[PDB]
Enquirer: 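Here's a structure for you.
Every chain is numbered from 1, with letters handed out A, B, ... down the list of sequences. Heavy-atom basis, side chains included; hydrogens, waters and symmetry copies ignored.
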Amino acid sequence: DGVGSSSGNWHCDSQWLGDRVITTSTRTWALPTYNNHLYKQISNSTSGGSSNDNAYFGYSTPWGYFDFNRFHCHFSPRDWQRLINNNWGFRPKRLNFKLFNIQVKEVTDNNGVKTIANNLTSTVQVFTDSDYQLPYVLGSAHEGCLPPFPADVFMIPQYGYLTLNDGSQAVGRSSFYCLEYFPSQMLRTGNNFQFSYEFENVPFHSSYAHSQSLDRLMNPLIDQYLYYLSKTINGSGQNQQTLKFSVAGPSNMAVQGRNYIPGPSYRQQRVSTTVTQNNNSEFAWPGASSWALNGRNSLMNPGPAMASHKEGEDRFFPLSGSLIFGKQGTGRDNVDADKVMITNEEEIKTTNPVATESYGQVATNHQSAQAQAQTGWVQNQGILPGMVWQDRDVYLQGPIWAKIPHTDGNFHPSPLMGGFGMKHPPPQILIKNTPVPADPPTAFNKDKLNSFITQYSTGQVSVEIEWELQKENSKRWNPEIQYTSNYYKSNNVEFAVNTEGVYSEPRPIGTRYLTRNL
Amino acid sequence: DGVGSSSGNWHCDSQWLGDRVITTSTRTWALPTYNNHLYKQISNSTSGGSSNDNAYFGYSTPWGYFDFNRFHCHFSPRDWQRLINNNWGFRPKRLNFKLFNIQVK
Amino acid sequence: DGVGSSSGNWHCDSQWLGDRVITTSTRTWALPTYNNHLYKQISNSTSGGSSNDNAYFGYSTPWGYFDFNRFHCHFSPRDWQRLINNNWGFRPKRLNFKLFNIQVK
Amino acid sequence: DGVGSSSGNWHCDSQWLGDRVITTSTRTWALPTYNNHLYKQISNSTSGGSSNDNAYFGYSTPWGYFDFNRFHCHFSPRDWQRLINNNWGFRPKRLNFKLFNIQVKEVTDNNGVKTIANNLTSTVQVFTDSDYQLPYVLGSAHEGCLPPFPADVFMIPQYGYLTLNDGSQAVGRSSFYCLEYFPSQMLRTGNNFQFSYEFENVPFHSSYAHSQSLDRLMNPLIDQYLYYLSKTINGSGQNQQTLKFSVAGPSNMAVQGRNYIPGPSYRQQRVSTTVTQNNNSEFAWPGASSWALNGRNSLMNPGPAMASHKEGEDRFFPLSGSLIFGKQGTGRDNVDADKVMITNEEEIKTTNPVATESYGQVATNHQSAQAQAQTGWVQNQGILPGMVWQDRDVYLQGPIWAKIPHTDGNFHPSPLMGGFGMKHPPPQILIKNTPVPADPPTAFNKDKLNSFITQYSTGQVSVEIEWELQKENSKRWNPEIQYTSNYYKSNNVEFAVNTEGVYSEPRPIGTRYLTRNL
């Protein structure tokens, strides 16, 4: 429109209908100039990397991008509490995104002092990768998302991508992408940008915990009509071999026939938070479970959805089997256990195997009069017919969605870090300040200009997402477990600001508090 | 239009139809003041030339000009590869040119 | 039709449309008499096999069969090159099969 | 149709309308099996060639082809005489082609004796290269065309083609063509084949000889209003330099100004048919004019249309400047001059330069008091503005058309051997006997069959061409030169059969007997 007219209003609210909840969040953003308007080839050689497992090749772009792939970007703690305490499931339906109130500033430095002024004629470029023609980086748990607290002003992260690499070198199959080779809208201070997105059909997330275990689905009062081999010898010596059979009933539930079995496994090492119970050696990387791709080892992290620990074993965790969040103010490198928040998936112990245990035991030989029957620990077990399992729970500060890789085949493409897997997720939204050259020389020079006016941009961003709800219809008589704040007095209110205005999330919040039968 | 409204968008893409390919390219340009707004007579004497074969007479103008008479101004390397590997011939048909987002400093 | 009239023509060509390619291939075949018009029980004993892993039981029929389950039966090397250099994917859609110009000797 | 019904009639006649003549010719052909149904790579190594100039690479196909690219295939000698004596020009308009009365035979050899029988169920395959996707070999003066005499039965020539070569080896750019990769009609004894072709617009062939010379177009009674420098010195000593000018008139026609000049040249060596006037040395290849392409020298043959000889110099010919036809029964290698028929282009001496002379003389220096004026013989001269020329004449036994090479540029694409140049000439008509395998083994073998029944095919071929005529409207008073037979008694009639039934063409017949002004 014009310089003196706002191009949008501040929309931040949650609307709770019967089967739907609409979340709207608005944030103020700041966008600097990245790479001084240049594309730069990057690799482990440029960053000084040495290990083969961490070698990479890619490019850093002068473009930024908007990321809102975390639940706290849309749900307040109270809204999250309502969702998790009142619904058996939820899923995103549609998306509305807006950029408005664009403000481009120029910075001039004379001598140790910088002056900031408006540049009303400068432009900012925005476009969406609706055709998914660029590498998708929103599927990784990267920082730079919209802040959970609406009053926080955030910096737009720089967009970068990786391609095929051989050490620090590239190959002929490696791809280079120029983001200026895409049509993009150019916005001055009076212009705004908006688009709508429809989520593809995804299953409802399981925001419930099973009230039954897979091995306890039988009637505890009635025998089965099936038999089991109870004895093989002749009880109370030589030549004592005689078959025996008994009815599988309530007294021996472990041997009853069952139609379904727990889901797959890939065993993790077990770590205690009581440090003196751990071995006196360096076992992080060495002791960890991993997978290999083209000679590179990548940590199995977080891996298959598996129960974090056995009942009562709360002190133990799988070495890389769980999402680890950092508390407010936590450092980047080598922080103590009290500075991080270790999530756990104990709710899925009713259907999923324990991460630090074998799947089970399997026969490994043919027993005879000369050879005793032998069994072997199944340390990893693939998908088998009749298996059932629960996916990893999602969290308030955890990811929402991920892009399913474009491959010939996949199985249960639920993101392993939690969330909704989609072939066509919300498109990447890329933003960049248009370069403004400084005064050029009065004589023609064919070289590209390298002198630009120092600029940055700021504005507001709004994203509205409609969520579909799956209401609970339980006939359970006793009250359910519910997420609740603690009344006991404390220096600060949980999920609030401190005396210095710092917002903090004191704990990870899952979604599985209500219960339903298996 | 106005100071605070963009006069055009960034269009840079290639569209491949059956018998036609449409190339669009957008660039950012900078234009200084040439000859301090003056027309100047130029010659090999003004530039110090001596040889008869390189003697010339002309004028330098304060005007600039836009030139896109090179194939890489319109075709990306991948588009060029497609064109050369899949076609026995090609020729230009029509042209569209735009200047927008003027900023004078 | 008749003895002196051909029952079909030689069709062997590839037609490249926008999103579709139609491949046609014609070949000359010869069919002898198999097993002297008999069905015969066959096994690894009849062929002299001894290993358990290669033991088998079956029948050999006096019938022949037409097989075109290889890509080079339909795509020339140039057509294959075009397909692989210009397309992200392909799949068969429909089939037409013909036998003609029968000659029994 | 059926075995016992003819699929076509014998059509061989010429119909003379006002401005059009329609020629129809029917011939009986025989088609054997070529290369035993195989494609074979051929090169100068396979044929034993050694010279770089004659090196080649290509393929020989089992297909034959029909060729009617010679005028005597359509015009009888009497029709040719009428055409050349009554018309100033002619050009082909449209084409009709027919194959019918197909007869396929099988040959069986027991012991030194062969038995031939019909194979009523066998097929012959025919198709036309209407899209010009195969190498065009009809543009070369190859043998194998339809015989001039309708009663002669001819053998179908085998189709072969050449591609890019480096010595006897091929390169990556070389192309291999499979003629079975084309849709073709399969014909039994009851079937027939036919198609129609329309000639693209071509200029009328010049079937006239100019009655004026390019240097004698002025009025012989009137002076020009232009002057010439007659003298430079001071006639009848030193210091005698004085300019002079005179009117160019009838007394000095050589110096008159002229608007047009004779056409281009590329000088040929001069050979006498009186052998004792030639040099006592071997000068064929060495003394010949040539052009070079990629390091290979190709004889300039016949080259630019140039007058064969000066007036009265009938004994001389240009070393490779003229079409040479062989008399009936003439051998293939090293025949005497009386066994061949040397064509001449003396009719174009009025506009085209003499093949064995320089184009002219050009100044090569600046004359002065110290240096005498110098001139140099122009041995070859390219196209210049104002040039006019006549193309090479066509002959009864000479070629009709040729395919203009598909190139970015060309100039006056009239075939240098004579005829009509076309981007889309009459398409190649390719024919092959369908292989008929012998008895295969009773056990499956994956190798391609190499045992086939010995077969050949025979039938009739008809081609009808409509020619447009350009009538003469001359006001010449005296009678014209006309082609005529000689009444004087002879043992045989010219253009007739001998006592052994051998048809012969005793002389080449041009088209340029009538006259018109320049």
Enquirer: Do you see a donor-acceptor pair shorter than 3.5 Å between the side chains of A:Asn380 and A:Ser265?
Expert: no
Enquirer: Does NZ or CZ of A:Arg512 lie under 6.0 Å from the centre of the six-membered ring of A:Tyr208, at an angle within 45° of the ring axis?
Expert: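 Output no; distance or angle outside limits.
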Enquirer: Could you check whether any side-chain N or O of A:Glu464 sits under 3.5 Å from a backbone N or O of A:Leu95, counting only pairs where one atom can act as donor and the other as acceptor?
Expert: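 Checked: no pair found.
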Enquirer: Would you be so kind as to tabulate the donor-acceptor pairs closer than 3.5 Å made by side chains of residues 415-431 of chain A, with sequence neighbours excluded?
Expert:
| residue | atom | partner | partner atom | Å |
| --- | --- | --- | --- | --- |
| A:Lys423 | NZ | A:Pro405 | O | 3.4 |
| A:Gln428 | NE2 | A:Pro135 | O | 3.2 |

Enquirer: Should A:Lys339 and A:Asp336 count as an ion pair when the cut-off is N to O under 4.0 Å?
Expert: no
Enquirer: Kindly say whether A:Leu134 contributes a backbone atom to a donor-acceptor pair with the side chain of A:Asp129 at under 3.5 angstrom?
Expert: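 Checked: pair present.
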Enquirer: Cut-off 3.5 Å, side chains only: do A:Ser60 and A:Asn35 have a donor facing an acceptor?
Expert: yes
Enquirer: Could you list the residues that satisfy ring-ring contact (aromatic ring centres under 6.0 Å, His included) with A:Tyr503, not counting sequence neighbours?
Expert: A:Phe149
Enquirer: Run A:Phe90 and A:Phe204 through ring-ring contact (aromatic ring centres under 6.0 Å, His included) and show every step you take.
Expert: CA-CA 5 Å; A:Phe90 64 97; A:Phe204 289 96; 8.7 Å; no
Enquirer: Do you see a donor-acceptor pair shorter than 3.5 Å between the side chains of A:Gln460 and A:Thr28?
Expert: yes
Enquirer: Taking C-beta and beyond as the side chain, do A:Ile102 and A:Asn191 meet within less than 4.5 Å on heavy atoms?
Expert: no
Enquirer: In terms of side-chain heavy atoms, does A:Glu480 have a donor or acceptor partner in A:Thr515 at a distance below 3.5 Å?
Expert: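 Yes, A:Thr515 and A:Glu480 have a side-chain donor paired with an acceptor closer than 3.5 Å.
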Enquirer: Using modelled atom types only, decide if a donor and an acceptor are shared between the side chain of A:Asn69 and the backbone of A:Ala402 within a distance under 3.5 Å.
Expert: no
Enquirer: Going by atom types alone, do A:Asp393 and A:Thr511 pair a side-chain donor with an acceptor below 3.5 Å?
Expert: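 Yes - a donor-acceptor pair under 3.5 Å links their side chains.
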Enquirer: What residues form a side-chain contact (heavy atoms from CB on, under 4.5 Å) with A:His309, not counting sequence neighbours?
Expert: A:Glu313, A:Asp314, A:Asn344, A:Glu346
Enquirer: I'd like to know if the side chain of A:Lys98 pairs up with that of A:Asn192 as donor and acceptor (distance under 3.5 Å, no hydrogens or angles considered).
Expert: no
Enquirer: I would like to know whether A:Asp152 and A:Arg27 meet side chain to side chain contact (heavy atoms under 4.5 Å, CB included); could you show each step before the answer?
Expert: CA-CA 7 Å; A:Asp152 292 1; A:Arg27 302 293 189 273; over 6 Å; no
Enquirer: Is A:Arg270 salt-bridged to A:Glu357, cutoff N-O under 4.0 Å?
Expert: no
Enquirer: Under 3.5 Å, is there a donor-acceptor pair between the A:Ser290 and A:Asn297 side chains?
Expert: no
Enquirer: Applying ring-ring contact (aromatic ring centres under 6.0 Å, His included), can you list everything that pairs with A:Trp29, at least two apart in sequence or on another chain?
Expert: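 Only A:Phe66 meet the ring-ring contact (aromatic ring centres under 6.0 Å, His included) criterion with A:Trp29.
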Enquirer: Please determine whether the number of non-hydrogen atoms from other residues, nucleotides or ligands lying under 6.0 Å from atom NZ of A:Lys471 exceeds 12.
Expert: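 Yes - once you tally the heavy atoms of other residues, nucleotides and ligands closer than 6.0 Å, there are more than 12.
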Enquirer: For A:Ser320, what residues pass the side-chain contact (heavy atoms from CB on, under 4.5 Å) criterion, not counting sequence neighbours?
Expert: A:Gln268, A:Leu299, A:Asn301
Enquirer: Who are the side-chain hydrogen bond (donor to acceptor under 3.5 Å, both in side chains) partners of A:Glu500, not counting sequence neighbours?
Expert: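 A:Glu500: side-chain hydrogen bond (donor to acceptor under 3.5 Å, both in side chains) contacts with A:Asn498.
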Enquirer: Counting neighbours of CG on A:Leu217 that are heavy atoms of other residues, nucleotides or ligands and sit closer than 6.0 Å, is the number greater than 12?
Expert: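 Yes, because the 6.0 Å sphere around CG of A:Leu217 holds more than 12 heavy atoms from other groups.
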Enquirer: Donor-acceptor pair, distance only, cut-off 3.5 Å: does the side chain of A:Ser14 make one with the backbone of A:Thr23?
Expert: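 Absent.
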Enquirer: Tell me which one of A:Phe71, A:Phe68, A:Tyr197 satisfies ring pair (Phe, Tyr, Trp, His ring centres under 6.0 Å) with A:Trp401.
Expert: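 Running ring pair (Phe, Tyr, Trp, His ring centres under 6.0 Å) over A:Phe71, A:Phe68, A:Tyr197 with A:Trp401 returns exactly one hit, A:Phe68.
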Enquirer: Run the side-chain hydrogen bond (donor to acceptor under 3.5 Å, both in side chains) test against A:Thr499 and tell me which residues pass, sequence neighbours left out.
Expert: none
Enquirer: Give me the atom names and distance for the closest heavy-atom approach of A:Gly263 to A:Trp389.
Expert: CA-CB, 4.0 Å
Enquirer: Could you tell me if A:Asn44 and A:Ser47 have a donor-acceptor pair between their side chains, going purely by distance under 3.5 Å?
Expert: no
Enquirer: For the residue pair A:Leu323 and A:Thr343, what are the closest heavy atoms and their distance?
Expert: O-OG1, 2.6 Å
Enquirer: Show me the pairs that pass ring-ring contact (aromatic ring centres under 6.0 Å, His included) and involve residues 260-289 of chain A, at least two apart or across chains.
Expert: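 ring-ring contact (aromatic ring centres under 6.0 Å, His included) check on residues 260-289 of chain A returns no pairs.
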Enquirer: Using a distance-only test with no angle check, is there a side-chain donor-acceptor pair under 3.5 angstrom linking A:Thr350 and A:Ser213?
Expert: no
Enquirer: Without hydrogens or angle criteria, can the side chains of A:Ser76 and A:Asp79 be said to hold a donor-acceptor pair below 3.5 Å?
Expert: yes
Enquirer: Do A:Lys432 and A:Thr61 come within less than 4.5 Å of each other through their side chains, counting heavy atoms only?
Expert: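 A:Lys432 vs A:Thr61: side chains apart.
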Enquirer: Which residues satisfy the side-chain contact (heavy atoms from CB on, under 4.5 Å) test with A:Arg70, sequence neighbours excluded?
Expert: A:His72, A:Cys73, A:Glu143, A:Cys145, A:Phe325, A:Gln397
Enquirer: Can A:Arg516 and A:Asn473 be counted as having a side-chain donor-acceptor contact under 3.5 angstrom?
Expert: no
Enquirer: For residues A:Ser272 and A:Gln277, is any side-chain donor paired with an opposing acceptor at under 3.5 Å?
Expert: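 A:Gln277 and A:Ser272 do have a side-chain donor-acceptor pair below 3.5 Å.
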Enquirer: Do A:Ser281 and A:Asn279 have side-chain atoms, one donor and one acceptor, less than 3.5 Å apart?
Expert: yes
Enquirer: If only atom types and distance count, is the side chain of A:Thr189 paired as donor or acceptor with the main-chain N or O of A:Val3 below 3.5 Å?
Expert: no
Enquirer: Run the numbers on A:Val21 and A:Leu469 for side chain to side chain contact (heavy atoms under 4.5 Å, CB included), then give the verdict.
Expert: CA-CA 7 Å; A:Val21 50; A:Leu469 303 183; 3.7 Å; yes
Enquirer: Counting only N and O atoms by type, is there a donor-acceptor contact under 3.5 Å from the side chain of A:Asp1 to the main-chain atoms of A:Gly190?
Expert: no
Enquirer: Residues in ring-ring contact (aromatic ring centres under 6.0 Å, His included) with A:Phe182, at least two apart?
Expert: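 So A:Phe182 forms a ring-ring contact (aromatic ring centres under 6.0 Å, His included) with A:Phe127.
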Enquirer: Salt bridge between A:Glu466 and A:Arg20, side-chain N to carboxylate O under 4.0 Å?
Expert: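 A salt bridge links A:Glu466 with A:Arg20.
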Enquirer: If the condition is ring-ring contact (aromatic ring centres under 6.0 Å, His included), which residues does A:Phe75 pass it with, not counting sequence neighbours?
Expert: A:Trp80, A:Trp467
Enquirer: Who pairs with A:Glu106 by side-chain contact (heavy atoms from CB on, under 4.5 Å), at least two apart in sequence or on another chain?
Expert: A:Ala117, A:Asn119, A:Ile453, A:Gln455
Enquirer: Around atom CG of A:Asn478, are there more than 12 heavy atoms from other residues, nucleotides or ligands closer than 6.0 Å?
Expert: yes
Enquirer: Would you mind reporting whether A:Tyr456 and A:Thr33 have side-chain heavy atoms less than 4.5 Å apart?
Expert: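 No, their side chains stay 4.5 Å or more apart.
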